[PDB]
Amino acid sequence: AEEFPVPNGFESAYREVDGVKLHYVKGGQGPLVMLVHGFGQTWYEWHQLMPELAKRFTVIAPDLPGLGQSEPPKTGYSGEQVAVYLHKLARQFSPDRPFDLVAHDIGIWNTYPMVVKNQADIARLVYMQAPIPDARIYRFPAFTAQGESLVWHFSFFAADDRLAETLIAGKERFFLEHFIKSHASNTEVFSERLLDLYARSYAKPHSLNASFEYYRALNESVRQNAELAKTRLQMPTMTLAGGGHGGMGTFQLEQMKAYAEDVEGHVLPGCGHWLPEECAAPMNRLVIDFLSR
């Protein structure tokens, strides 16, 4: 019944949060670290980091609402709405201590509002490989002198008429493999077995739709964040980005400098978008050291 194999010593479980049944994988002991995945993926993208982190922390990795084995949200897909589910989930497990947060891709979109509104609950923050929704996203190019651009998919996924679901249905494995590899530097880490697992998961009709609903809410999140951003983040923050094909480069740290007072950043040469898989060992090391300081 599990969509992905659970690491030894971890449990797959469910918690109801505001009427929404969320799936997560949990292990370890100590202060809580929540890990939040992004588009095309599930909790499983963290499966190499989780056992190392569980040596020193309690580690929880949820499926975003509607993705993996988590139920769709009953409110909506904008960042402020989804962030409520994730914040209350973390609070069920760390009610008496601030917790750490690591997020990738749209996991950023779905956590930033709860970080900025509940700063006393967040001990340390790691964000990798996606902009915080704001006006800067309107500057990315539609097309480049080398071919397809990094984020033309924002428009593809946000289009109405269920454009993305209709074109991708029946071709979910084909599309996801193209999407992953077109934003990767290191494609060999994506075995046919691994692509099969991710494709089977997001091909569930409610999960295919949920994937794109995050993008259909992106302009709403941008508008939400315009007000939230008047309060800068005060906790220690680290950004990570790939320096290779598919990576955000220096954008990640430069944007975060406008949001956070105490921020450090690293660009990983030879790595693209999918840092936990393409560049697991150095990504894991940087996260662990930053969180363990």
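When you see a residue number, it is the position in the sequence shown, counting from 1. Think of the rigid core as the biggest set of C-alphas that the two forms share within 1.5 Å after superposition.
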**Item:** Greatest C-alpha divergence in 5 other deposited structures of this protein once each structure is fitted on the rigid core, 143 to 151 or 72 to 80
**Value:** 143 to 151
**Prompt:** In the PDB record, does 115 to 123 or 172 to 180 carry the higher mean Cα temperature factor?
**Reply:** 115 to 123
**Mean C-alpha B-factor comparison - 51 to 59 and 38 to 46, higher one** = 51 to 59
**Prompt:** Per the coordinate record, which of the options 91, 206, 223, 139 holds the highest CA temperature factor?
**Reply:** 91
**Prompt:** Which one of 69, 237, 255, 29 shows the biggest C-alpha B-factor in the PDB entry?
**Reply:** 29
**Item:** B-factor third for the C-alpha atom of residue 152 within its chain
**Value:** lowest
**Prompt:** What third of the chain, by the recorded C-alpha B-factor, contains residue 275?
**Reply:** middle
**Message:** Considering every modelled residue of the chain and its Cα B-factor in the PDB entry, is residue 190 in the lowest, middle or highest third?
**Reply:** highest
**Fill in**
residue 216: C-alpha B-factor third of its chain, per the entry, is the lowest
**Request:** Consider only the C-alpha atoms of the modelled residues in this chain, order them by B-factor as the entry records it, and name the third containing residue 247: lowest, middle or highest.
**Result:** middle
